[PDB]
């Protein structure tokens, strides 16, 4: 329960960067809790979103981008590696061509870059989860 939610951290990403998030759903999957991770272009919440990743636990995952204030083509996946009431480790890798999302060590989603990752200035993690760890690789 350390780390407040909504959690916001200034960040800079480039090919090779990795964002690791460790947390746990706050309620039963039956009640459809959500998890949202947004890579923003500015420090403010209303800024554009380079990568929007939203998990409706137990049902589906939606990905998109908000450019110049407007949402683009939504991408949806029914792949659901998350386990009810379980702590999860989510890792997002910045590859040259896209983001690769691993859930507990398994590749589960990818999203081709719509905007250069270098445009990212902030990452916000929120919705129905407790956050135990947040780390951006800066090597």
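Positions refer to the first chain, counted from 1.
- Between 47-55 and 28-36, it is 28-36 that carries the larger average Cα temperature factor according to the deposited entry.
- Looking at 96-104 and 73-81 together, the entry lists the larger mean B-factor for 73-81, computed on C-alpha atoms.
- In the deposited entry, the Cα temperature factor of residue 114 sits in the middle third of values across the chain's modelled residues.
- Annotation for residue 14: C-alpha temperature factor in the highest third relative to the rest of the modelled chain, per the entry.
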